[PDB]
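What follows draws every value from the coordinates through simple rules; no lab data is involved. Using ideal geometry, Cβ is built from the backbone for each residue, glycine included, and neighbour counts are taken over all protein chains shown.
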Amino acid sequence: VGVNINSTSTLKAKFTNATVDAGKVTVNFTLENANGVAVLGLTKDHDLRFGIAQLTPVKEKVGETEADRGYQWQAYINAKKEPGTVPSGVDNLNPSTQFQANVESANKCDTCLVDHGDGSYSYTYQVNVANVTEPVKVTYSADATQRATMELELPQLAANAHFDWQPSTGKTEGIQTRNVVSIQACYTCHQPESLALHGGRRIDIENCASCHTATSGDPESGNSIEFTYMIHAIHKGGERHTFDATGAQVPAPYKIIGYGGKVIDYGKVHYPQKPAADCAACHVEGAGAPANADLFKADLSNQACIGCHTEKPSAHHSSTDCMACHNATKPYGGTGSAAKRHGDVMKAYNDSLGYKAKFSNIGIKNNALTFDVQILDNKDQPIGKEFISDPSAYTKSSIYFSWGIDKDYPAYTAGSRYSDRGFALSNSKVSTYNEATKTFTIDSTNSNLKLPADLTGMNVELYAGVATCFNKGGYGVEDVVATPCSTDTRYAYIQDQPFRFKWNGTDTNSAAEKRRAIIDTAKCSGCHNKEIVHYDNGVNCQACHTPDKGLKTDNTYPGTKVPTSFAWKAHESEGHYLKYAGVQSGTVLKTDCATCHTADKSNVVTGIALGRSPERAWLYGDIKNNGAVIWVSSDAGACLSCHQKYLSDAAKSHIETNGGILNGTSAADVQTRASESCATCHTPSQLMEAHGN
Ligand code: HEC
Ligand code: HEC
Ligand code: HEC
Ligand code: HEC
Ligand code: HEC
Ligand code: HEC
Ligand code: HEC
Ligand code: HEC
Ligand code: HEC
Ligand code: HEC
Ligand SMILES: [Ca+2]
Ligand SMILES: [Ca+2]
């Protein structure tokens, strides 16, 4: 007739209805598995807890007036907490008495929970919601929306459930809500486990909001743990700063002190988004978005701003009433609302999404490469050289010519390096600017380019690693627009696809051969947003960062020599493996190859398919012979982008027994002795399972 709770591998809790009788709350809910079969045997002695809160309209008296704060969750269960253990030698703390909302455990009431034997249950709260005054007062209103929450922790799973309803009417639809964000936006950056918080027993956003209330804080740090403030502060991370009385910028890390005085220092957090002002990463709007998704522009909260900017966001700030000056209805002189000012930041990047390069007159003059190039805005109009950016003296807006782009791009040797195939628009030796057409003419004559003997049949590419200058928002600045580069401007890379074709000697109309699918760049962009690190015209890093690219010195690494390949840069990046980095939440784990690599509709990681480029030879350093230049076969070198440092003898023999090379003197040497059969066993599916997926 049903299935026992202590045996079921899946569980779904659903509230059906709720009732309030003179402060007495009774909720009704059902338990079911994935198939929908009733789950029986839930007792009070299971890790079963319940919360109850009101969505209360809040006004705040700020001086001689009241400001609307919208609706805030107020739990009926709160406790007053004096600070427990506070660690010493830890800065940025201010221990003080704080309130904390809580749930009530069912095991405290012998007659509160009823099993109906059919998969449905009824729970009567131990708290009376009619007159809660201490330690935190909640003025009950039957017209106000109430939220019941339940959390359940079993051996095999943890479950949450919530229920919003209006007591006066019994409506669950068409009532005041505070549905702002969705867990799906969080999952764009977060491993689901990294958001299974506390015991791993708290999963749903609605549960978070029910307990992380505006009146709650951490006693041992003195920090607010209000849902909005906390999440903002956390993600501002190491970029959270403030200004003292002298007007100097000082770090303001958000720290939470917990059990035994342990320190979670969110100053260690590095938010991956560039720029970091795009609210939409969490505040998603559109079809299927939460009802109140536009609350981040309602301008009803100062705490919300303070979460990221603190109370002194500049040397010139003195008042803390953020909404008095930063709003849309009646802004302060010289400034604007958050939406507008944050909008100013985004403007340059949003514009650059419509910026592209137009190539023309491609050919050969005196056995040298030549071509014309224009840089277009989002009106399809050319921009002057004054707007073209040179970010540094070593990083310049340049055009990069590539060949063998369907394989692994040109080899890193004299004449075919990124620096040999690149041409800066500001370098008069190779670049000439026509002012009447706003067009650059490039000639490879005065360079170190070693063009292949015959380009016929080759899949070539012209890549525009180009950025454009824009002004910044600020006092009295109404609009952010393209601005000739200066000491006060900022740059943003243009965003287009590299121009690719098959060389025939006559035209650029013949399509080029496609390279294998390796990574899904939309995944890259999901976490990083507009740009990643440098040369951020899309994700075309593999044009410079080749498998045979020169070794780099890293004194913290065995042999003091590390590769510089694209795969290495991504596989080795600290933020891609947050197990012992950051706050160790495992938010990003490189072990999950589907984080970056291409996967089909059936969730098969096709991007890590082996043996698709047998002719490839990687460049590594021998961790024994002081980072001595060695050469590694195709599939092995892909594995050694993570496995090199702690590599065992048996593992080495495993490579070699199966056709692998780990001691080449050259690439040709490798191709001679290489005969890999790795794709027979190490398949995409078994590689995922081997890494814990
Ligand atoms: C009440 C039953 C809560 C629920 C539901 C959620 N949180 Fe929680 N959280 C709660 C308290 C009382 C505290 C203070 C702990 C302290 O040391 O003072 C916290 C703390 C956090 C933190 C800080 C770091 C940490 O404790 O590890 C975070 C990041 C946090 N809470 C997140 C969080 C999330 C995402 C929740 C929904 C899944 C959530 N909390 C629910 C109380 C309660
Ligand atoms: C994910 C890391 C977020 C980023 C990026 C931004 N916000 Fe946010 N915001 C986040 C959460 C979890 C919440 C609470 C949702 C809830 O159910 O309560 C919020 C809420 C806000 C609010 C509303 C505050 C209130 O009315 O009480 C505002 C005004 C707000 N956030 C502003 C804001 C802005 C301007 C952002 C871009 C700079 C931004 N947020 C980013 C999580 C995240
Ligand atoms: C974290 C998700 C934030 C929230 C919440 C708020 N702001 Fe913000 N702001 C954030 C970033 C990453 C930046 C870019 C500057 C930086 O610190 O890196 C900003 C910037 C501003 C600015 C200046 C705009 C500019 O051109 O630099 C203003 C005036 C501003 N922010 C105001 C503001 C207000 C009023 C907020 C509450 C509604 C608010 N911010 C929240 C990150 C975050
Ligand atoms: C009127 C007295 C204001 C109050 C109250 C707050 N802000 Fe402000 N802010 C104000 C002006 C005139 C300016 C300069 C114009 C501009 O848009 O930059 C600012 C600027 C900021 C900034 C950006 C500063 C910088 O990037 O160097 C931020 C991040 C900011 N304001 C945030 C902020 C917060 C969090 C506030 C509440 C504590 C707040 N402002 C109040 C005017 C006024
Ligand atoms: C979320 C699961 C991510 C995906 C998908 C990608 N990256 Fe990432 N990356 C992420 C984080 C949290 C960080 C740390 C940010 C920091 O400032 O330290 C990073 C970091 C990088 C870096 C270094 C950035 C820097 O030094 O400024 C690089 C070069 C990088 N990531 C590359 C990269 C590429 C090419 C990706 C697509 C295959 C990609 N990342 C995806 C989180 C996430
Ligand atoms: C040629 C114009 C390049 C493009 C396109 C990309 N990178 Fe790069 N990068 C290049 C050089 C010559 C160097 C210095 C030596 C080295 O190989 O390390 C770098 C450096 C990096 C680094 C480390 C240094 C740093 O700034 O953090 C990283 C993490 C890196 N490169 C990653 C990276 C990514 C993600 C790219 C696509 C957006 C990318 N590079 C493109 C040359 C070139
Ligand atoms: C990419 C831009 C992210 C988005 C979208 C969200 N989060 Fe995030 N979060 C991100 C990083 C890089 C980190 C640091 C992780 C580390 O281990 O260093 C975090 C951290 C958190 C935490 C703290 C977890 C812990 O202390 O154990 C929480 C509670 C958290 N993030 C919550 C959260 C929510 C609710 C989001 C949706 C509104 C969300 N994050 C989105 C990066 C990103
Ligand atoms: C994002 C941080 C990644 C994670 C997570 C994983 N990989 Fe990756 N890998 C990444 C990049 C940017 C590249 C190079 C892309 C390019 O254009 O050259 C790679 C490369 C590989 C390859 C080579 C595939 C081929 O040549 O056809 C393999 C086989 C590979 N990576 C394996 C792999 C595994 C097993 C992972 C889980 C442990 C994994 N990758 C995660 C970026 C990222
Ligand atoms: C960085 C993204 C990696 C790439 C590329 C490859 N591997 Fe990996 N692997 C990586 C880590 C951090 C770990 C440890 C896992 C853990 O939970 O601690 C592993 C582990 C394995 C294992 C299992 C080892 C064990 O003792 O059980 C296997 C069998 C394995 N890796 C194989 C493998 C192969 C064949 C790869 C090239 C195709 C490869 N990995 C790439 C990180 C990374
Ligand atoms: C079937 C006979 C396989 C062939 C062909 C290849 N691999 Fe393998 N690999 C296989 C198993 C059953 C295991 C785990 C047990 C073991 O004997 O190691 C592995 C392990 C690896 C590892 C992980 C080593 C470690 O984490 O210490 C790596 C890095 C690895 N294998 C690489 C590799 C390469 C490059 C291959 C093609 C030349 C290859 N393997 C083939 C099964 C089989
Ligand atoms: Ca605490
Ligand atoms: Ca965790």
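Computed extension gain for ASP21 through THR591, at 0.36 nm per residue and net of the alpha carbon distance, reaches 200.0 nm.
Length gained on full extension, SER141 to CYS279: 46.4 nm, using 0.36 nm per residue less the C-alpha separation.
Computed FRET efficiency, Cβ-Cβ of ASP554 and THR437, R0 56 Å: what is it to the nearest 0.05? Walk me through the intermediate numbers first.
Details: r = 46 Å, r/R0 = 0.83.
That pair, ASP554 with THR437, gives E of 0.75.
Karplus-based coupling profile of the stretch 65-70, in residue order and whole Hz: 8, 10, 9, 6, 10, x, with θ = phi - 60° in 6.51 cos²θ - 1.76 cosθ + 1.60 and x standing for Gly or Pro.
Candidates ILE257, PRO272, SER194 compared by Cα position along the dipole of the stretch 174-346: farthest toward the positive end lies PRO272, with charges placed on Cβ. With each label modelled as a point 7 angstrom along the Cα→C-beta vector, the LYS44-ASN4 pair spans 2.2 nm.
Here the dipole of the stretch 347-511 is about 300 debye; that uses its Cα centre as origin and unit charges on the Cβ of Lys and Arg (positive) and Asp and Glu (negative). With a threshold of 22 Å on the Cα-Cα distance, the over-threshold entries among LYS429/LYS530; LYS81/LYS236; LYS24/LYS108; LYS523/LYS601; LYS358/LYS407 are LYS429/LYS530; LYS81/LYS236; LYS358/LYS407. Annotation: amide H of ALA628 within the under-5 Å range of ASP622, sequence separation 5 or more or interchain, hydrogens built in the peptide plane. Fully extending the segment from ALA522 to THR456 would add 20.5 nm, taking 0.36 nm per residue of separation and subtracting the current Cα-Cα distance.
Taken one residue at a time, the phi angles of the stretch 102-116 give Karplus couplings (6.51, -1.76, 1.60, θ = phi - 60°) of 8, 9, 10, 7, 5, 5, 8, 9, 5, 10, 8, 9, 10, 8, 8 Hz. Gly and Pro are set to x. Listed from fewest to most Cβ neighbours within 10 Å, the set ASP344, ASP68 follows the order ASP68, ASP344.
Cβ under 14 Å from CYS681's Cβ, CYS681 left aside: what net charge do those residues give with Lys, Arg +1 and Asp, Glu -1? So the environment of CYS681 carries a net charge of -3. In the chain, the calculated helix contribution to ellipticity at 222 nm averages -4000 deg cm²/dmol per residue, counting -39,500 (n - 2.57) for every DSSP H run with n ≥ 4. Within the stretch 26-70, list the residues whose amide N lies under 18 Å from a label point set 7 Å along Cα→Cβ of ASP118. Under cut-off, by backbone N: 27-33, 36-42. Take the Cα of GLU656, go 7 Å toward its beta carbon, and the backbone nitrogen atoms of the stretch 583-626 under 18 Å from that spot belong to 620-626. What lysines could a cross-link reach from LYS12, if we take a straight Cα to Cα line under 20 Å and drop same-chain neighbours fewer than 8 places away? Straight-line reach from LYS12, under 20 Å: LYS44. Rounded to the nearest 20 debye, the dipole magnitude of the chain is 1080 debye, with +1 charges on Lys and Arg beta carbons, -1 on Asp and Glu beta carbons, and the Cα centre as origin.
Farthest towards the positive end of the charge dipole of the chain, among the residues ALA368, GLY51, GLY422, is the Cα of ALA368, using unit charges on the Cβ of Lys, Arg, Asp and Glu. Backbone geometry of the stretch 583-592 corresponds, through the Karplus equation with coefficients 6.51, -1.76 and 1.60 at θ = phi - 60°, to 3J(HN,Hα) couplings of 9, 6, 8, x, 4, 10, 10, 5, 5, 8 Hz, x marking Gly and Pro. Using the Cβ-Cβ distance between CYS681 and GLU615 with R0 set to 30 Å, the FRET efficiency from 1/(1 + (r/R0)^6) comes to roughly 0.90. Only the Cβ atoms of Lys and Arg (+1) and of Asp and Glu (-1) were treated as charged; on that basis the dipole of the stretch 142-238 about its Cα centre amounts to roughly 140 debye. Among the trypsin sites (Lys or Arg not before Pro) found in the stretch 399-487, those both in a DSSP coil and sparsely packed, with 12 or fewer other Cβ atoms within 10 Å of their Cβ, are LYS429.
Using a 10 angstrom Cβ neighbour count of at most 16 plus a DSSP loop assignment to flag exposed GluC sites (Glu not before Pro), which longest range of the chain is free of such sites? Looking at the chain, 312-434 is the longest stretch - no exposed GluC sites (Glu not before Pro) with at most 16 other Cβ atoms within 10 Å. If R₀ is 25 angstrom, what is the calculated FRET efficiency for the pair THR65 and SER318, using the beta carbon separation as r and rounding to 0.05? Rounded to the nearest 0.05, the efficiency is 0.85. As a proxy for reagent exposure, ranking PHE29, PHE359 by other Cβ atoms within 10 Å from fewest up yields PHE359, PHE29.
Would you order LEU55, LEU551, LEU31 from fewest to most other beta-carbon atoms within 10 Å of each residue's own beta-carbon? By the 10 Å Cβ count, ascending: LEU551, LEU55, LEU31. Taking the Cβ of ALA159 as the center, what net charge do the other residues with Cβ under 12 Å away carry, scoring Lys and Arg +1 and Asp and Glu -1? So the surrounding residues net to 0. Residues with beta-carbon under 13 Å from that of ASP649, excluding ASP649: net charge, scoring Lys, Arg +1 and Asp, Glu -1? Here the charged neighbours net out to +1.
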